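Student: The amino acid sequence is not available; the structure is as follows:
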C-alpha cells in the first residue's frame, strides 16, 4: 500500500463538510469494502448525502479507501501509530474522530480482507452416497459397493465471465481409490496433531 | 384446508365463469405462437407462483385431447367435475380451435430434429467493379437463413451467382416433385 | 452342487456344424485352438495378436480362415452368455455337448473356461458403467505468509488436483480447502470407508 | 446426474434423397428433455432404426425386471 | 440495351447524390443521415402465423370468428416489421397452395406400408503406482 | 529432519516379478537405463523412452514389451519414493536389499542416485500445482509522435508481453499490456512490495 498525500488529506477535510459522524463512519466502512464499480455507485451515494461536488466526493472516497486499506495492510495496532499518519495541520477533532472509527473497524477489516484473497476455486459443499451395484447390461448379478462424491465449487466471478460462478461435479470412487486418497490425506493430519509438520 | 384435485382444470374453478372464454382462447393463441395472456388481468384470481401452473395445466389439456382425437363424449366425461359453464366453454373452444391446434402440433413434430429453418430473406445486387477487374457487371444473390439449434437462432449467409442459383433451384425442384407425390 | 443348463435355445444351426469341424481337428489341433482363443481372451484388446495367431493356426493346419472364423464365432457365443450369467463349467460343457462337440473336447474347453472364468469375471466387472471416475489426485499443503491486502497473513491451505475420466477424455478439477474444511473433508471420507465395509 | 423432464417420439419413413431415389426405410426419432443442476433444461434428439428401437425397448424391459428383484 | 442503359444512368445519379453529402459524425446524424451512412438499425424478417376469418365458416367455428376473441389480422403481431413479414409470408403460402393420380398415390402409400412391415417383420504417477502396488 | 525406517520400497506380486527381472537385467546396461529415467522423471508429458528405444531395450534384455514396461514403471516407482523421502544413500542401499534386490543392482542405484538425485529433487521442488504458469517476459519501448487527436507528442510508451502457459491445454497465451511512465512506476512499486514480502521469509 502506497502512502497518502496532502491532496488526500484535503479530501478528508470534506468530512468537516459532511453532515454527521456516522456519515463519516459510513463512508469509511463502505470505502474499505467497495470495489471500483462500487465506488461509482458509492460516489452517487456520497454526492447525494453530502451535496458536495462530485470531485470532492470522489477524492474523499479515494482518500478513505487509501487511508483505511493502508492501516489494514500495515495492521497499525494503536492510535499513536494511526495518528502519526495524519499531518500536523489536520483538523484535530476530525483526526481524532477518524482514529476512533479506524480502531473499531480495523479488527473486522483484517478478517474481511483475509477471506477475500485470490485463490484456486473454493470448495463450497460436499455430499456423498454409497450404493451397492447389483446388475448391469453385461453381468446378471453383482455386489460391488461404490461411492459417488458430489462437490459444489465456486470461482471468482471476475474470472468466470459468461459462465456461472458456482458449479457441481460428481466423482465416483471405488474403495481401492478411496483407500489410496485416505492415506494421502491422513499424512497431513498426523503432522498437525502436534502443531508442526513431520 | 386445500382445494380439490382431479382433472387438472381444478384450478379453473377459482375463475368467475364469465371470464372463462377469454382466458382459454388466449392460451390457445399462445400455443399457436401468438401472445399468452398477462397475469395483470387475473392477479386477483391466482397467486403469482400459482398462475404459472394454470397456463401449463390448461395447455397440456388442449394439446392432449386434440392429439388423441378424442370423441366428444370422452371429453365430457373428463369435464364432469367442472362448473357447467366451464364444461360448456371448453367444449366450444375445442370445436372452434381444433384445426388450429392440430397445425401447432405438426409444427412441433418438425422440432424433433437437430436444427430447423426459422426464417429466410434474400437480396439481389449488381457488382459493378472490383480491384481485379474494372468492367465487372456480375449479378449476385444473397440468401440469409435463421437456423434454430440448441435453443438458439444462428444467422447464416450464402452468396450465389446466376449459375449457382440455377443449380440450387434445379435441386429443390427435384425435392418438390417427391413432396407433391406425398402431399 | 450343480444343475445342467444351456445358455439359451436361440442358437444358429451353423454352430453345430462348427463343432463338427472341431471334431475334424486332431486333439493336438483342438487343444492348440483352445489355448489360442483363451490367449486372446486373457488380453482381449490384443485383437491383432489373436488375428496373427489365427493366421498361423490356419496356415499350420491348412484350414480355410473363413471356416476358422466360423469356429471362432461359434465358440465365442458360449462364453459370452456364460460369463454374463456366471454359468458353471459343467453347464458350459453340457451346452457344447448339445452343440455337438465331443465330450472330451467339450470337457477340455469347459475346464479351460473354468480356469479362465475368475480372470474373465474380474475383467467384466471393470467394464460396467462409472460416472466421472477419479483416476489420479495431486495435492499441495502450504501457508499464506503475505498478500496484497495484508503484509502478514499466516493462513494454512490445502490445494487438490483431481483427475477425472469423462468417457473418452479426462479433466482436471482444482479445489482449494481451508484448514477447517480439510478436517471436515477427511472426517466424511472416513465415514464413507466404514459404510463401504458394512451393509444391511 | 441428469433427470428426464419429458420424452417424445415420432415414427416416419425416409422416402427419397438426391443420391438415392428409393430409400424407403423407417426410423424412430426420440426427443429427450433433461434438467441439469440448478434446473437448467435442455433437449437432445436422436434417430433409431427399427431394429435399434426393438433392442432399446427390449433392454428397458430387462431393467424393469431386475429393478423389482434387486 | 435501353432498359439496362436506364438502370445504369439511375445508378450513377444515385452515387452522385451520396458523394455530394459529407460524412457526419455518428453522434450528430439525424435519421436521414443514419440511413445513408449506416448507423440506423434494420430489423430481420420474422414471420408469425396468423388466424384469418373464413367466409364459408359455419356452426361453432363461425361463432368464434364473429366475436372479439378473434383479433383483426394485422394487429395480431405487436411490431410493424413483424406484422409486415407475417402478412407477406401468409399470402405467399396461399399462392403456393392454390397453384397445387389417386391410384398412384394409394399405390405409393401401400409401397411405404410394405417397407414398414418388412422392417418390423425381422421380429417375426506415484499415486497410480501406489494404488497398483499397495492398495489394488 | 528425519525419514521413516519402514519399507520405502514395498513388496507386491508385480514387484516380486520385477525384482527377479531387475536382478536378471544386464548390469552393464542398467546404469545407463537408470540415468535416463532419473533425468526424465520430473516430466509427466514425456516417456523415458520411445517405442523404438523400448524395442532396443527389449532386444537387449529379451523382455516382452509388457515386462519391460512393468520394469520401467517399477524403476520409476523406486526413484519416485527416493525423491519424496529424499533418502540418504546408505538408507537406500538397505531398502533395496530389503526387497531382496541383488547387491550389484542395489549398488548401481546408489551410485546413480548420488550425483543426479540432488538435481532431480530440486527440479521437483520447482514444480507448480496450478492450471497456469507465467512463462516468458518481453517488452518494447516506443516514442509516441502524433495521433489523430493531438500533434507534436514526445511520450515514451512501453508494451509488456506476458506469456502464460496453460498446461491443461498445452497452449501458451500472450498477454499484451501498455504502460505510460507513471503507470509503469506504479507497477514497479507493487513488485517492490512483493519482493519485501519474499525477503521477509529468509
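Tutor: Sure thing, it's come through. Numbers count the residues shown, from 1 in each chain, chains lettered A, B, ... in the order given.
Student: Quick check: the residue in chain E positioned nearest to chain B vs chain C, distance?
Tutor: Taking CB to the nearest CB, chain B has its nearest neighbour within chain E at residue E:64, 3.7 Å off. To be clear about C-beta, it is placed using only N, CA and C from the backbone, and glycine gets the same treatment. With the distance defined as CB to the nearest CB, to the nearest Å, residue E:64 ends up 53 Å from chain C.
Student: tell me the contacts of that residue?
Tutor: Residues in contact with residue E:64 (CB atoms under 8 Å, 6 or more residues apart in numbering or on different chains) are B:25, B:92, B:96, B:97, E:70.
Student: And for the second one, the neighbour number?
Tutor: The local packing count at residue B:92 equals 17, with neighbours defined by other CB atoms under 10 Å in any protein chain shown.
Student: Any residue of stretch D:43-62 touching chain C?
Tutor: No. Residues of stretch D:43-62 are not located near chain C by CB under 8 Å from any CB of the partner chain, the shortest gap being 11.4 Å.
Student: Now do the buried residues in that stretch.
Tutor: D:43, D:45, D:47, D:48, D:50, D:53, D:54 (16 or more other CB atoms under 10 Å in any protein chain shown).
Student: Next: stretch F:94-111.
Tutor: Residues F:95, F:96, F:99, F:101, F:102, F:105, F:106, F:108, F:109, F:110 are the ones in stretch F:94-111 that count as buried (16+ other CB under 10 Å).
Student: go on, stretch D:6-16?
Tutor: D:13, D:15, D:16.
Student: which helix is the longest one in chain A?
Tutor: Counting by DSSP state H, the longest helix found in chain A is helix A:92-115.
Student: now what about that helix, what contacts it?
Tutor: A:12-13, A:15-16, A:21, A:24-25, A:28-29, A:32-33, A:67-68, A:71-72, A:75-76, A:79, A:82-83, A:86, C:147, C:149-150, C:153, C:155.
Student: Past that helix, which element shows up next along the chain?
Tutor: strand A:122-133 (DSSP states H and E).
Student: elements contacting that next one?
Tutor: strand A:144-154, strand C:169-178, helix C:179-196 (3 or more CB pairs under 8 Å, 6 or more residues apart in numbering or on different chains; DSSP states H and E).
Student: out of the ones you listed, which comes closest to residue B:116?
Tutor: strand C:169-178 (30.0 Å; CB to CB).
Student: Just the angle for the closest one relative to helix A:92-115, thanks.
Tutor: Between strand C:169-178 and helix A:92-115, the angle comes out at 140 degrees (axes from the mean of the first three to the mean of the last three CA atoms, to 10 degrees).
Student: for the helix or strand hosting residue C:93, packing partners?
Tutor: Per DSSP H and E: residue C:93 is located in helix C:89-99. Judged by 3+ CB pairs under 8 Å, 6+ apart, helix C:89-99 is in contact with helix C:14-24, helix C:65-85, helix C:103-127.
Student: That helix to helix C:103-127, inter-axis angle?
Tutor: 120 degrees.
Student: if we take the contacts of residue E:64, which one ends up nearest to residue E:59?
Tutor: If you rank these by distance to residue E:59 using CB to CB, residue B:96 comes first, at 8.9 Å.
Student: Tell me which helix or strand the residue nearest to the closest one when sequence neighbours are not counted sits in.
Tutor: Once flanking residues are discounted, residue B:96 sits nearest to residue E:64: 3.7 Å by CB to CB, 6 or more residues apart in numbering or on different chains. Taking DSSP H and E as the criterion, residue E:64 maps to helix E:60-65.
Student: In that helix, which of the residues would be classed as buried?
Tutor: Buried positions in helix E:60-65, judged by neighbour count with 16+ other CB under 10 Å: E:60, E:61, E:64, E:65.
Student: Take those and lay them out in CSV including distance to residue E:99.
Tutor: Below are those laid out as CSV (distance: CB to CB, whole Å):
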residue, distance to residue E:99
E:60, 31
E:61, 26
E:64, 29
E:65, 26
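Student: Does residue F:107 touch residue F:90 like I think?
Tutor: No. Counting by CB atoms under 8 Å, residue F:107 stays clear of residue F:90, with 11.7 Å between them.
Student: Against residue A:198, how distant is the most centrally placed residue in chain F?
Tutor: The centroid of chain F falls nearest to residue F:42 when counting by CA atoms, centre = their mean (2.9 Å). Residue F:42 sits at a distance of 24 Å from residue A:198 (criterion: CB to CB, to the nearest Å).
Student: cool, residue F:97 as well?
Tutor: Distance of residue F:97 to residue A:198, given as CB to CB: 26 Å.
Student: do residue F:141 as well
Tutor: Residue F:141 is 51 Å from residue A:198, by CB to CB.
Student: Which one's more surrounded, the two?
Tutor: Neighbours per residue, other CB under 10 Å: of residue F:141 and residue A:198, the larger number sits with residue A:198, 11 against 8.
Student: Test my guess that the more buried one contacts residue A:189.
Tutor: No. Using CB under 8 Å, residue A:198 is not in contact with residue A:189; the gap is 10.8 Å.
Student: Can you report how many residues neighbour the residue of chain D found nearest chain F?
Tutor: At 22.2 Å from chain F, residue D:37 is the closest residue in chain D, using CB to the nearest CB. Residue D:37: 15 surrounding residues under other CB under 10 Å.
Student: Next, the nearest residue to it once chain neighbours are set aside: secondary structure please.
Tutor: Closest residue to residue D:37 apart from its sequence neighbours, by CB to CB, 6+ apart: residue A:168 at 4.9 Å. Following DSSP: H, G, I helix; E, B strand; the rest coil, residue A:168 is assigned to strand.
Student: Could I get the buried residue list for stretch B:65-82?
Tutor: Buried residues in stretch B:65-82, defined by neighbour count with 16+ other CB under 10 Å: B:65, B:66, B:75, B:78, B:79, B:82.
Student: Touching, the second one and residue B:100? I think so.
Tutor: No. If you go by CB under 8 Å, residue B:66 and residue B:100 don't touch, sitting 9.4 Å apart.
Student: quick one: contacts for residue 16?
Tutor: Picking chain A for this. Neighbours of residue A:16 in contact, by CB under 8 Å, 6+ apart: A:91, A:94.
Student: now residue F:18
Tutor: F:70, F:71, F:74.
Student: Could you do residue F:13 as well?
Tutor: With contact set as CB under 8 Å, 6+ apart, residue F:13 has no partners.
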